[PDB]
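Colleague: Have a look at this one before I ask anything.
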Amino acid sequence: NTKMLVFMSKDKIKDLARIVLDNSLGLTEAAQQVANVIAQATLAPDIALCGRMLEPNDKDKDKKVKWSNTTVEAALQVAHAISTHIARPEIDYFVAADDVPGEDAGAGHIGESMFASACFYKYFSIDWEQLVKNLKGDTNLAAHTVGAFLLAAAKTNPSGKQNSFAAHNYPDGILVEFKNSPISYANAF
Amino acid sequence: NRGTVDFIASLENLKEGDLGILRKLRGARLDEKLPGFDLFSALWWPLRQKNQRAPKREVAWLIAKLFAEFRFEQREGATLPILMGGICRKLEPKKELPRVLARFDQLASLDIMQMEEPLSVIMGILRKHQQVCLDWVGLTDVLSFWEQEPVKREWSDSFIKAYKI
Amino acid sequence: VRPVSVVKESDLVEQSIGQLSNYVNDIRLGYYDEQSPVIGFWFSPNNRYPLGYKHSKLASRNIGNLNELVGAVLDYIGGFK
Amino acid sequence: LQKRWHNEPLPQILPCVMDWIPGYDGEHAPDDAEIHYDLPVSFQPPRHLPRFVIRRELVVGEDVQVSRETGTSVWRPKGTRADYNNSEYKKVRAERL
RNA sequence: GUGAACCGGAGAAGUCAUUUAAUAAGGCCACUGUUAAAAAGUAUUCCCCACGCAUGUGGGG
């Protein structure tokens with residue numbers, strides 16, 4: 001496998017395959033074409049808001065393989081989600097029962113998991129101009145991305161231990177603002 | 001000296017969090033900031049159990065803190081006096097050379113407990129000229145037997161040999 | 001014959017006394033056989049420095065006052081007081 | 001020849017200064033024989049007479065074997081030891097507990 | 001009890017007076033610790049000491 005992760009649009013990957021599909025191209029030229037198609041394939045709503053930072057290896061790379069611009073400026077500024085009160089972490093003793101009777105009692109496994117409950121405050125910030133510029137001037141795709149992001153962030157939860165806690169709650173207060181300078185109301189808490 | 005080699009290799013294997021933990025503890029004792037004590041105990045204790053020899057606790061602590069502040073790739077054949085002489089030779093021979101040589105010669109007068117800042121200025125001069133290597137194993141071995149006269153004699157002689165050529 | 005070189009774990013006097021003890025031990029293991037016993041007394045103020053701790057009693061006595069050593073030597077040589 | 005500390009080198013040619021012996025056949029000494037004035041008679045009115053003395057040499061190893069130094073070292077303070085596996089400490093700790 | 005024995009190189013002294021290391025600076029850029037679980041359990045409690053046909057009571061760890 002690759003030593004480092006590569007972020008790229010899916011729709012261009014077939015073109016990548018074509019670079020390997022041609023047996024008339026030398027290895028250096030094919031590598032340069034692969035570098036070009038990897039560096040240029042950034043038109044996707046995914047990267048648009050999350051950006052990218054790709055650093056090809058220098059101790060291993062062959063010479064004559066130049067690289068174009070790979071960094072993508074982000075358009076999302078998600079802050080960490082923090083509770084609005086003093087946290088109260090709790091422990092949870094658990095065992096693993098054995099279905100077959102034995103000479104001794106209990107058996108299985110013994111453990112102490114952890115859990116907590118809180119009321120959180122969340123922050124999202126989308127720079128409209130940077131998002132539009134990142135999508136190469138498309139406005140319909142930017143509006144679709146904004147609407148899908150609002151609907152997703154309004155109605156999704158992280159999938160951490162949902163098979164045993166199932167905290168599928170919904171938010172009960174949302175403030176949507178359109179300003180020129182980003183501001184945070186986390187100082188209320 | 002295999003214990004010193006294992007100590008230095010374990011120091012290179014460290015991640016960035018405990019490296020920052022050690023970086024924040026420069027100039028400090030061992031009795032405060034418990035994560036530093038726990039990390040140093042985890043680093044140093046397995047050496048004594050398997051290997052009969054082990055570097056001294058003060059020397060090991062000083063080496064760990066200096067490595068945290070002045071991260072250098074460990075390479076055999078890059079002892080501190082040789083690099084210091086190579087730096088000193090490409091200097092003005094009237095004013096800068098006596099000052100830097102005085103800062104170097106201050107080192108061979110103290111004990112282990114007071115060598116931190118006089119070594120840190122030396123590593124700062126090294127980092128100023130963009131070094132990429134340092135013999136931590138040889139420096140640790142020399143610092144262990146710092147009270148033997150031939151050790152200091154060979155230290156000074158190696159510095160003069162590198163300076164002269 | 002080997003000059004005394006100081007270490008952080010000892011003094012100049014301590015190392016000299018220790019080297020004297022080592023030489024006395026080596027020569028007691030050598031020439032001075034059981035032909036005649038050798039009687040010696042060792043003195044340091046208030047037992048400041050021991051000459052050969054234990055070491056099969058290299059020194060026959062350990063003294064912590066000058067008057068006691070003078071009296072011991074006098075009592076050996078004639079028993080006079 | 002008895003050696004001092006292990007690093008110390010040794011002289012390679014050992015001069016011997018010995019009295020000249022006539023043997024009653026070689027009645028006349030060689031020209032290298034030199035006169036020293038240390039043949040005593042008395043001590044309170046000190047009186048000396050000369051004597052013919054010659055000087056030869058010896059080679060170490062061929063003529064005199066280098067002896068080995070006795071068991072000795074420069075005195076160092078005892079750095080003690082360390083051992084827990086030791087059963088005596090393994091029982092001393094039980095007595096303490 | 002030795003070209004030896006008996007056998008001080010000693011007395012006097014302040015290295016002093018003067019001084020800013022000053023001027024310029026971003027460590028930046030990318031990231032799900034995720035996956036499985038009853039705190040339940042009667043068939044001999046680990047030990048001292050008073051009586052009994054009880055199919056055990058009392059006190060001590």
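Labeling convention for the structure tokens: chains A, B, ... as they appear, residues from 1 per chain, ligands from 1 in order of appearance.
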Where in chain D does DSSP assign strand (DSSP E), given as a compact mmCIF listing (two decimals) with N, CA, C and O atoms, in the first residue's frame?

Modeller:
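Writing the result to selection.txt gives the following:
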# COMPACT_ATOMS: atom_id res chain seq x y z
N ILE D 13 68.58 -1.63 28.33
CA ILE D 13 69.96 -2.02 28.58
C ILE D 13 70.29 -1.62 30.01
O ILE D 13 70.28 -0.43 30.35
N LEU D 14 70.58 -2.61 30.86
CA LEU D 14 70.85 -2.35 32.26
C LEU D 14 72.35 -2.34 32.49
O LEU D 14 72.99 -3.39 32.33
N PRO D 15 72.95 -1.21 32.83
CA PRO D 15 74.40 -1.19 33.08
C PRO D 15 74.75 -1.86 34.40
O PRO D 15 74.10 -1.64 35.43
N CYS D 16 75.79 -2.68 34.36
CA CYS D 16 76.39 -3.25 35.56
C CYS D 16 77.78 -2.65 35.74
O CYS D 16 78.53 -2.49 34.78
N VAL D 17 78.08 -2.26 36.97
CA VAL D 17 79.36 -1.70 37.35
C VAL D 17 79.98 -2.67 38.34
O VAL D 17 79.46 -2.83 39.46
N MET D 18 81.05 -3.33 37.94
CA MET D 18 81.60 -4.42 38.74
C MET D 18 83.10 -4.24 38.93
O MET D 18 83.77 -3.59 38.13
N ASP D 19 83.60 -4.81 40.02
CA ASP D 19 85.02 -4.75 40.34
C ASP D 19 85.83 -5.54 39.33
O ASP D 19 85.42 -6.61 38.88
N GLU D 34 88.45 2.12 35.06
CA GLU D 34 88.57 3.45 35.64
C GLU D 34 88.71 3.34 37.15
O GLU D 34 88.21 2.39 37.77
N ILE D 35 89.41 4.30 37.73
CA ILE D 35 89.71 4.30 39.15
C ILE D 35 88.60 5.03 39.90
O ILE D 35 88.26 6.17 39.57
N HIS D 36 88.03 4.36 40.89
CA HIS D 36 87.17 4.97 41.90
C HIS D 36 87.88 4.90 43.24
O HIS D 36 88.73 4.03 43.47
N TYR D 37 87.52 5.80 44.14
CA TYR D 37 88.29 6.01 45.36
C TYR D 37 87.51 5.60 46.61
O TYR D 37 87.47 6.35 47.59
N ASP D 38 86.88 4.43 46.57
CA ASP D 38 86.00 4.02 47.67
C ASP D 38 86.43 2.71 48.33
O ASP D 38 85.58 1.86 48.62
N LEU D 39 87.73 2.53 48.60
CA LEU D 39 88.12 1.39 49.41
C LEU D 39 88.43 1.90 50.82
O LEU D 39 89.46 2.54 51.03
N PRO D 40 87.58 1.62 51.81
CA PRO D 40 87.75 2.26 53.12
C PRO D 40 88.73 1.52 54.03
O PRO D 40 89.00 0.33 53.87
N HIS D 48 90.45 6.39 52.46
CA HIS D 48 90.07 5.60 51.31
C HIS D 48 91.28 5.37 50.41
O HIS D 48 92.25 6.13 50.42
N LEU D 49 91.20 4.30 49.62
CA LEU D 49 92.18 3.92 48.62
C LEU D 49 91.48 3.60 47.32
O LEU D 49 90.30 3.20 47.32
N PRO D 50 92.15 3.76 46.18
CA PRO D 50 91.51 3.53 44.89
C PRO D 50 91.34 2.05 44.56
O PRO D 50 91.90 1.17 45.22
N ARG D 51 90.55 1.80 43.52
CA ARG D 51 90.31 0.46 43.02
C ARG D 51 89.88 0.55 41.57
O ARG D 51 89.24 1.52 41.16
N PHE D 52 90.25 -0.47 40.79
CA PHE D 52 89.94 -0.51 39.36
C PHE D 52 88.55 -1.10 39.16
O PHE D 52 88.27 -2.22 39.62
N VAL D 53 87.68 -0.36 38.48
CA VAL D 53 86.28 -0.72 38.32
C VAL D 53 85.94 -0.73 36.84
O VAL D 53 86.30 0.21 36.11
N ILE D 54 85.25 -1.77 36.38
CA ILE D 54 84.85 -1.89 34.99
C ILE D 54 83.33 -1.81 34.90
O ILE D 54 82.61 -1.99 35.88
N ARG D 55 82.85 -1.53 33.68
CA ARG D 55 81.43 -1.32 33.43
C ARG D 55 81.02 -2.13 32.21
O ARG D 55 81.54 -1.92 31.11
N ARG D 56 80.08 -3.06 32.40
CA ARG D 56 79.50 -3.86 31.33
C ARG D 56 77.99 -3.62 31.31
O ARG D 56 77.47 -2.75 32.01
N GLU D 57 77.27 -4.40 30.50
CA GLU D 57 75.84 -4.19 30.34
C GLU D 57 75.12 -5.53 30.25
O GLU D 57 75.71 -6.56 29.93
N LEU D 58 73.81 -5.49 30.52
CA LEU D 58 72.94 -6.65 30.43
C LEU D 58 71.71 -6.29 29.60
O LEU D 58 71.31 -5.12 29.54
N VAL D 59 71.12 -7.30 28.98
CA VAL D 59 69.93 -7.15 28.16
C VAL D 59 68.75 -7.78 28.90
O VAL D 59 68.82 -8.94 29.31

Colleague: So that I can see what lies close to residue E:36, please list as a PyMOL selection string the residues with an atom at most 12 Å from it, counting only C-alpha atoms (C1' of nucleotides) and leaving out residues fewer than 2 positions away in the same chain.

Modeller: chain A and resi 94-97+108-109+161+163-164

Colleague: Considering only alpha helix (DSSP H) as DSSP defines it on the backbone, what residues of chain C qualify? List them as a PyMOL selection string.

Modeller: chain C and resi 12-28+66-77

Colleague: Would you work out the distance separating atom CA of residue B:165 from atom CA of residue B:134, expressed in Å to one decimal?

Modeller: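 Result for atom CA of residue B:165 versus atom CA of residue B:134: 20.4 Å, one decimal.
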
Colleague: For the interface of chain E with chain A (cut-off 6 Å, counting only C-alpha atoms (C1' of nucleotides)), please tabulate each contacting residue of chain E alongside its nearest pair of atoms and their separation in Å to one decimal, rows sorted by chain and increasing number, as CSV.

Modeller:
residue,atom,partner,partner_atom,distance
E:30,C1',A:53,CA,5.2
E:37,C1',A:96,CA,4.7
E:41,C1',A:105,CA,5.9

Colleague: The selected residues should be written to file as a PDB file, in the first residue's frame (atoms: N, CA and C atoms (P, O5', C5', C4', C3', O3' and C1' of nucleotides)).

Modeller:
ATOM      1  P     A E  30      -5.290  22.611   6.665  1.00  0.00           P
ATOM      2  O5'   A E  30      -5.139  21.054   6.372  1.00  0.00           O
ATOM      3  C5'   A E  30      -5.525  20.503   5.123  1.00  0.00           C
ATOM      4  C4'   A E  30      -5.706  19.011   5.217  1.00  0.00           C
ATOM      5  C3'   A E  30      -6.317  18.502   6.511  1.00  0.00           C
ATOM      6  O3'   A E  30      -7.729  18.630   6.525  1.00  0.00           O
ATOM      7  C1'   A E  30      -4.433  17.182   5.942  1.00  0.00           C
ATOM      8  P     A E  37     -22.454  -6.165  22.505  1.00  0.00           P
ATOM      9  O5'   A E  37     -22.398  -6.851  23.939  1.00  0.00           O
ATOM     10  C5'   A E  37     -22.929  -8.156  24.135  1.00  0.00           C
ATOM     11  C4'   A E  37     -22.196  -8.909  25.216  1.00  0.00           C
ATOM     12  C3'   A E  37     -22.613  -8.572  26.651  1.00  0.00           C
ATOM     13  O3'   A E  37     -22.584  -9.754  27.453  1.00  0.00           O
ATOM     14  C1'   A E  37     -20.300  -8.223  26.395  1.00  0.00           C
ATOM     15  P     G E  41     -28.192 -14.261  41.420  1.00  0.00           P
ATOM     16  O5'   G E  41     -27.208 -15.486  41.687  1.00  0.00           O
ATOM     17  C5'   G E  41     -27.204 -16.620  40.831  1.00  0.00           C
ATOM     18  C4'   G E  41     -25.976 -17.467  41.044  1.00  0.00           C
ATOM     19  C3'   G E  41     -25.794 -18.031  42.443  1.00  0.00           C
ATOM     20  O3'   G E  41     -26.561 -19.199  42.671  1.00  0.00           O
ATOM     21  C1'   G E  41     -23.772 -17.052  41.733  1.00  0.00           C
TER      22        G E  41
END

Colleague: Could you give me, as a ChimeraX atom specification, the residues within 10 Å of residue B:145, counting only C-alpha atoms (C1' of nucleotides) and dropping anything in the same chain fewer than 6 positions from it?

Modeller: /B:56,151-152
